[PDB]
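Chemist:
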Amino acid sequence: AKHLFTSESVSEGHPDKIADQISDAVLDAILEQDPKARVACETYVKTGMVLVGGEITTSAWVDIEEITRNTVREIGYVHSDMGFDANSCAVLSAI
Amino acid sequence: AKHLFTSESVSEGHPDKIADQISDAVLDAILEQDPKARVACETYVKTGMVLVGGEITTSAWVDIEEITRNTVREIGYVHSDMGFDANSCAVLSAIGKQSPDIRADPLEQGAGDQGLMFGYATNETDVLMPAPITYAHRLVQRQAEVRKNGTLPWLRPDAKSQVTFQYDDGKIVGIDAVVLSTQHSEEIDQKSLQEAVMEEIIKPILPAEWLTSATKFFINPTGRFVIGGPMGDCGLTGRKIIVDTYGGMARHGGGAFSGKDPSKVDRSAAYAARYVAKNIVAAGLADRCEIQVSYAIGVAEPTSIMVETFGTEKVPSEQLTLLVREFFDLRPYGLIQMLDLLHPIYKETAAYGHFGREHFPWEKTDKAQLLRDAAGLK
Amino acid sequence: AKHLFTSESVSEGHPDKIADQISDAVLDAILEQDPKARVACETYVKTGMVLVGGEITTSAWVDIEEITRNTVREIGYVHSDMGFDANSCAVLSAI
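Protein chains in written order, with the authors' numbering: chain C, 1 to 95; chain B, 1 to 102, 108 to 383; chain A, 1 to 95.
This is the structure we're talking about:
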């Protein structure tokens, strides 16, 4: 009963995983201050911009741009030769 | 009657001038396909994004992202170390395009919007422009010329200049202060930058007799200037209107030029006002002339025409106002007809001033001889 | 020596004045908490979005979206029939 099964995975540098990490980095920052917060964060990542949006019900104050840039910088995007720079990318917040 | 007057200018790498060039690059692309288009483009430039917005009434197809990236790339932003990369920047388009429609007299079209327009011209300089603004533009223009041709490879696009002229009885007798802030790379040290900038930019441009020992030079007074451009400060279209027209020497109506098609009186009438002001001075009617034209939306004829000669007129002032109405057709479509503004020539006008460069349609003194004969000055 | 002189003005509902009021509303909110702050706010207003951007050097916490919506609501844009709704407009922050 031989049969081939295939599964795949992507690294943390994948664009669909950068958005996931940015969204959860925002979530973790909020949970440190207000554990009972309500967070629904959606992140859209383009060639040179990061759009962070969603609805938050909390009493916590977070700097979305600082969190986003630190998250991307830790991944390893540091200059434009890689195709994306954490220090020189637009971080729009629609939260 | 000595008094210091100061004017400033910014290079094409300045964030407020990047937006102006991007807006006019879009305008020129549209005018190549549909000359009769209606364009009102506004550009917002941030650290890593360019937002191009506005309302367009045309049948032309343009690629906003391609135009924007090419415009920024030509300026010289090619990698993120400069603070902005043309190849890896977000270019969002909010342009709302419509469809043109389809028998009265074309010259009787009313103004599309109200506004004030000021035109100025003085016999102080050869090109009939205020002196301080011309030399302010020369310094930043020289900085871009030196950077691009490779004389100083360590320069970077962003640069600002500011020259303080010392008048005396209405005549320039020297320069009191020169400020030249330029963006460079981290390779060059601060001391060597000042020596190179002074020798290669300030010296070839400013006349040597004006630069005395009392002249003060401020070349990057703060310190290193490595990261600049859009990252350093936000840029919006029409935030540099005063440095475009005349500096502080003349009054301004407050209407931005870049990103507006000629059909909008906020741009064409300002060109037309400069046109009639230059011709009056070129005709010898006055040493200085200032023209104000005001339109009401939906009305063809201007609501008011004002000529001011500051008591330097060779003919009575009320006679000049008759001559302006007699010769120059100031109706909104008459401006286009008498200046031939329906051409893609507005990319070059958004860099170092819309006035004072003789290769422009509104900088031609062709009706000067007619005006002089009409005034009967022989 | 008769000569006509013309001057014009726009109401607070003009798009170029909405951006000015939104920018200064942000400035006033920051100055209440940190008077010695450094604020350079630029606002771009489009058909259905408000883009608030600039660089701020402060220790104050402000809700840009709440300030922007309150400012537009006080002007009198309350439903889409007027061409702009304060309660249902995108407020992107690039600060």
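Where a beta carbon is used, it is the ideal one built from N, C-alpha and C, also for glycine.
If the cut is a Cβ gap below 9 Å, which residues of chain A does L92 of chain C touch?
Modeler: Taking the first residue of the first sequence as position 1, residue 92 of chain C is located at position 92. Neighbours of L92 of chain C on chain A, chain order: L51, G53, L92, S93 and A94.
Chemist: Which residues in the same chain have their Cβ closer than 6 Å to the Cβ of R256 of chain B, if we skip the five residues on either side of it in sequence?
Modeler: Indexing the second sequence from 1 puts residue 256 of chain B at position 251. The residues are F123.
Chemist: Would you kindly report the start and end of the unbroken alpha helix (DSSP H) that includes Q342 of chain B?
Modeler: As a position in the second sequence, residue 342 of chain B is number 337, starting the count at 1. Segment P337 to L344, the alpha helix (DSSP H) holding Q342 of chain B.
Chemist: Using a Cβ cut-off of 8 Å, pull out every chain B residue sitting near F5 of chain A, in sequence order please.
Modeler: Residue mapping note: residue 5 of chain A aligns to position 5 of the third sequence, counting from 1. Under the 8 Å cutoff, chain B gives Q297, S309 and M311.
Chemist: Mind checking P100 of chain B: buried by the 16 CB within 10 Å criterion, or exposed?
Modeler: Taking the first residue of the second sequence as 1, we reach residue 100 of chain B at position 100. It is exposed - the Cβ of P100 of chain B has fewer than 16 other Cβ atoms within 10 Å.
Chemist: Within a Cβ cutoff of 7 Å, which residues of the same chain sit near residue 98 of chain C, ignoring the five residues on either side of it in sequence?
Modeler: The structure shown does not extend to residue 98 of chain C, since chain C is modelled only from 1 to 95, so the question has no answer here.
Chemist: Using a C-beta cutoff of 7 Å, does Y300 of chain B count as contacting chain A?
Modeler: Along the second sequence, read from residue 1 onward, the residue named residue 300 of chain B stands at position 295. No, because no Cβ of chain A sits closer than 7 Å to the Cβ of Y300 of chain B.
Chemist: Does DSSP put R244 of chain B in a helix, a strand or coil?
Modeler: Residue numbering aside, residue 244 of chain B sits at position 239 when the second sequence is read from its first letter. Coil, per DSSP.
Chemist: Would you check if the segment 342-351 of chain B and the segment 261-281 of chain B touch, i.e. whether three or more CB-CB distances between them fall below 8 Å?
Modeler: Yes, the segment 261-281 of chain B touches the segment 342-351 of chain B.
Chemist: Starting from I95 of chain B, trace the beta strand (DSSP E) both ways and give me its first and last residue.
Modeler: Working through the second sequence from its first residue, we reach residue 95 of chain B at position 95. Taken as a continuous stretch (DSSP letters only), the beta strand (DSSP E) holding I95 of chain B covers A90 to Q98.
Chemist: I'd like to confirm the pairing. Which residues does DSSP put opposite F223 of chain B in its beta bridges?
Modeler: Within the second sequence, residue 223 of chain B is the residue found at index 218, counting from 1. Answer is B:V184, bridged to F223 of chain B.
Chemist: What do you get for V45 of chain B, buried or exposed, if any count of 16 or more other CB atoms within 10 angstroms of its CB means buried?
Modeler: Here residue 45 of chain B is taken as the residue at index 45 of the second sequence, counted from 1. Per the 10 Å Cβ criterion, buried.
Chemist: Please list the partners that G48 of chain B has in chain C, where partner means a Cβ-to-Cβ separation under 7 Å.
Modeler: The sequence position of residue 48 of chain B within the second sequence is 48, counting from 1. By Cβ distance, chain C contributes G48, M49, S88, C89 and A90.
Chemist: Mapping DSSP to helix, strand and coil, what is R377 of chain B?
Modeler: In the second sequence, residue 377 of chain B corresponds to position 372, counting from 1. Helix, per DSSP.
Chemist: According to DSSP, simplified to helix, strand and coil, what is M49 of chain A?
Modeler: The count along the third sequence starts at 1 and reaches residue 49 of chain A at position 49. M49 of chain A falls in the strand class under three-state DSSP.
Chemist: Is it buried or exposed for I67 of chain B, if we count other Cβ within 10 angstroms and need 16 for buried?
Modeler: Sequence index remark: in the second sequence, residue 67 of chain B carries index 67 (1-based). Classification for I67 of chain B: buried.
Chemist: Return no unless some Cβ of chain B is closer than 7 Å to the Cβ of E42 of chain A.
Modeler: Along the third sequence, one-based indexing puts residue 42 of chain A at 42. Output row for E42 of chain A: interface = yes.
Chemist: Taking a Cβ distance cut-off of 8 Å, strictly less, list which residues of the segment 5-29 of chain C are near chain B, in chain order.
Modeler: If the cut-off is 8 Å between Cβ atoms, the segment 5-29 of chain C has nothing near chain B.
Chemist: Are the CB atoms of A86 of chain A and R69 of chain A within a distance shorter than 7 Å?
Modeler: As a working note, residue 69 of chain A is residue 69 in the third sequence. As a working note, residue 86 of chain A is residue 86 in the third sequence. Yes.
Chemist: Count the C-beta pairs between the segment 177-195 of chain B and the segment 150-167 of chain B that are closer than 8 Å, then say yes if the count reaches three, no if not.
Modeler: Because the criterion of three Cβ pairs below 8 Å is met, the segment 177-195 of chain B and the segment 150-167 of chain B touch.
Chemist: Cβ closer than 8 Å: which chain C residues qualify as neighbours of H79 of chain B?
Modeler: Counted from its first residue, the second sequence places residue 79 of chain B at position 79. Within 8 Å Cβ-Cβ: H79, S80 and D81.
Chemist: With a threshold of 7 Å on Cβ separation, who are the neighbours of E129 of chain B within its own chain once the five nearest residues in sequence on each side are excluded?
Modeler: Stepping through the second sequence from its first residue, residue 129 of chain B is reached at position 124. Cβ within range, chain order: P135 and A136.
Chemist: Spell out the partners DSSP gives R38 of chain C in its beta bridges.
Modeler: Here residue 38 of chain C corresponds to residue number 38 of the first sequence, with the count starting at 1. According to DSSP, which records beta bridges pairwise, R38 of chain C is partnered with C:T57.
Chemist: If we cut at 7 Å on Cβ distances, does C239 of chain B have a partner in chain A?
Modeler: Here the question's residue 239 of chain B lines up with position 234 in the second sequence. For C239 of chain B, the answer is yes, since a Cβ of chain A falls inside 7 Å of its Cβ.
Chemist: What does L347 of chain B touch in chain A if you count any residue whose Cβ is under 9 Å from its own?
Modeler: Within the second sequence, numbered from 1, the residue matching residue 347 of chain B stands at position 342. Within 9 Å Cβ-Cβ: nothing; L347 of chain B doesn't reach chain A, min ~27 Å.
Chemist: Leaving out five residues before and five after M82 of chain B in sequence, what residues of the same chain have Cβ atoms less than 7 Å from its Cβ?
Modeler: Mapped onto the second sequence, residue 82 of chain B falls at position 82. Correct list, in chain order: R161 and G234.
Chemist: Count the other CB atoms, across all protein chains shown, that sit within 10 Å of the CB of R147 of chain B; report buried if there are 16 or more and exposed otherwise.
Modeler: Along the second sequence, one-based indexing puts residue 147 of chain B at 142. Buried: at least 16 other Cβ atoms inside 10 Å.
Chemist: Please list, in chain order, the residues of the segment 303-337 of chain B that have any C-beta partner in chain A closer than 8 Å.
Modeler: Result list: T308, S309, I310, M311, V312, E313, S322, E323 and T326.
Chemist: Any idea which residues DSSP pairs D173 of chain B with across the strands?
Modeler: Position 168 of the second sequence, counted from the start, is the residue given in the question as residue 173 of chain B. Paired residue(s): B:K176.
Chemist: How many angstroms separate the CA atom of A126 of chain B from the CA atom of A219 of chain B?
Modeler: For this step, residue 126 of chain B is matched to residue 121 along the second sequence. For this step, residue 219 of chain B is matched to residue 214 along the second sequence. Roughly 30 Å separates the two Cα atoms.
Chemist: How about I296 of chain B and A287 of chain B: are their beta carbons less than 7 Å apart?
Modeler: Indexing the second sequence from 1 puts residue 296 of chain B at position 291. Indexing the second sequence from 1 puts residue 287 of chain B at position 282. Not closer than 7 Å, so no.
Chemist: Give me the chain A residues within the contact set of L344 of chain B, using Cβ-Cβ distance strictly less than 7 Å, ordered along the chain.
Modeler: Numbered from 1 along the second sequence, position 339 holds the residue referred to as residue 344 of chain B. Per Cβ cutoff of 7 Å: no residues; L344 of chain B is ~22 Å from chain A at best.
Chemist: Restricting to Cα atoms, I'd like to know which of A:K2, A:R73, A:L4 and A:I22 is closest to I64 of chain A.
Modeler: For the purposes of this step, residue 64 of chain A is taken as residue 64 along the third sequence, with counting starting at 1. Comparing Cα positions, the closest option is A:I22.
Chemist: Check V168 of chain B in the structure and name its three-state DSSP category.
Modeler: Counting from one through the second sequence, the residue named residue 168 of chain B turns up at place 163. It is a strand residue.
Chemist: Per DSSP, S7 of chain B is paired with what?
Modeler: Position 7 of the second sequence, counted from the first residue, corresponds to residue 7 of chain B. Bridge partners of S7 of chain B: B:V168.
Chemist: So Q119 of chain B contacts chain A; which residues on that side make the cut at Cβ distance below 9 Å?
Modeler: Walking along the second sequence from the start, residue 119 of chain B turns up at place 114. The answer, in chain order, is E8.
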